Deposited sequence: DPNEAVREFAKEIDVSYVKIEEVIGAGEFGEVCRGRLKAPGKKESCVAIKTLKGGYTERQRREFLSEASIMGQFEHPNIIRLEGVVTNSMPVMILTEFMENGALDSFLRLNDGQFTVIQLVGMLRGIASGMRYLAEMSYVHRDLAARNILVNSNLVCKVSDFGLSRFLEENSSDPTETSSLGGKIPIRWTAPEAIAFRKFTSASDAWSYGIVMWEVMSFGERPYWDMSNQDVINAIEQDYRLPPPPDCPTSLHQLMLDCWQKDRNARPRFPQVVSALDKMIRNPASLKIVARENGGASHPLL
């Protein structure tokens, strides 16, 4: 949806993206109430290929409609700067939000966040969309702590193209996807297990200071991240299930959501910790 630039007011720069600023603003279109939006801008100096890559995120987001997937409002392409407008997520990225609030949300709250992410992923997998960069930094959080998946793009990773979309995010990536570049919803399930660990650790870095090659070798040699402090064993076991070497043995997203719903209904089960 092309948005008339007169309908947009930019209020404040709140972040930096790959191609430009991220801003908070207001969108007011005839016949509709004013709403808060996030705005990504692309200013001058870009190639047309870069413009297409920037806008491809809008095209992809616009294919989706789900309460746990970032909603596209529209784009501005007939003037400069070029913009993508979405719903505004007041609390920003989950990893940083959790680090700010370390130890300050309950296990049930954390499970609800994880449930929202899992529902978003359930939807994407149903749509045959493989995310490929599922990480807490790509989850956005609103004022009511609802978590939504962000970061959409279909460009191959650098390792998939010419000998001579960025690099594969090794710490989040399933071993077969690193080895063979076969990205599937089952490799996203591996990534989702890593997100679980990030959330239950209030935004710690997966594998601490281990090098990328150290991580690859460790996983091949059966190492898996340990339960975060105070993490319910049932949640850690779901992580381990997501991290099965055999992709076909990992839970699919409907099963992940089911498991989390059961936990929420049976909160006593979350009391067992190592």
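Q: Counting from residue 1 of the deposited sequence, where are the gaps with no C-alpha coordinates?
A: Counting from residue 1, the stretches without coordinates are 1-10, 175-181, 292-302.
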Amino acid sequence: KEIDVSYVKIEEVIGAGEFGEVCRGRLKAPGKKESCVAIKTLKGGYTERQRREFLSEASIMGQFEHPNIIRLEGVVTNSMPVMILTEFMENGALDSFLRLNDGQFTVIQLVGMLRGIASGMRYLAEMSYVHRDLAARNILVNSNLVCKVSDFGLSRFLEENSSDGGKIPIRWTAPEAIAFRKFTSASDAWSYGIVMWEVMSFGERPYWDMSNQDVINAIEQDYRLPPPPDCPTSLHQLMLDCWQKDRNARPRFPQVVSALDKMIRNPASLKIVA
From here on, numbers count along this sequence of modelled residues.
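For the two forms, the rigid core is made up of the largest set of C-alpha atoms that agree within 1.5 Å on superposition.
Q: Once the rigid core is lined up, would you tell me whether 213-221 or 48-56 has the higher RMS CA deviation in 5 other deposited structures of this protein?
A: Checking 213-221 against 48-56 in 5 other deposited structures of this protein, I find the farther stretch is 48-56.
Q: Kindly name the stretch, out of 33-41 and 223-231, whose CA atoms are displaced more from this form in 5 other deposited structures of this protein after the core superposition?
A: Checking 33-41 against 223-231 in 5 other deposited structures of this protein, I find the farther stretch is 33-41.
Q: Checking the other PDB entries that cover both flanking residues: does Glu160 lack coordinates in at least a third?
A: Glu160: unmodelled in at least a third of the other compared entries.
Q: When the C-alpha temperature factors are averaged for each of 110-118 and 149-157, which stretch ends up with the higher value in the entry?
A: 149-157 has the higher mean C-alpha B-factor.
Q: Output the stretch having the higher mean C-alpha B factor in the entry; the candidates are 138-146 and 78-86.
A: Taking the mean C-alpha B-factor of 138-146 and of 78-86, the larger value falls to 78-86.
Q: Per the entry, which of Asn212, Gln244, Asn68, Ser234 tops the list for Cα B factor?
A: Checking the PDB record, the top C-alpha B-factor among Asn212, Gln244, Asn68, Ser234 is at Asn212.
Q: From the list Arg171, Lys167, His131, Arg99, select the residue with the highest C-alpha B factor recorded in the entry.
A: Comparing C-alpha B-factors across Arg171, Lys167, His131, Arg99, the maximum falls on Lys167.
Q: So where's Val37 on the chain's Cα temperature factor ranking, which third?
A: For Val37, the deposited C-alpha B-factor lands in the middle third.
Q: Considering every modelled residue of the chain and its Cα B-factor in the PDB entry, is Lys262 in the lowest, middle or highest third?
A: Middle third.
Q: Quick check for you: using the entry's CA B-factors within this chain, is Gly25 in the lowest, middle or highest third?
A: It belongs to the middle third of the chain when residues are ordered by C-alpha B-factor.
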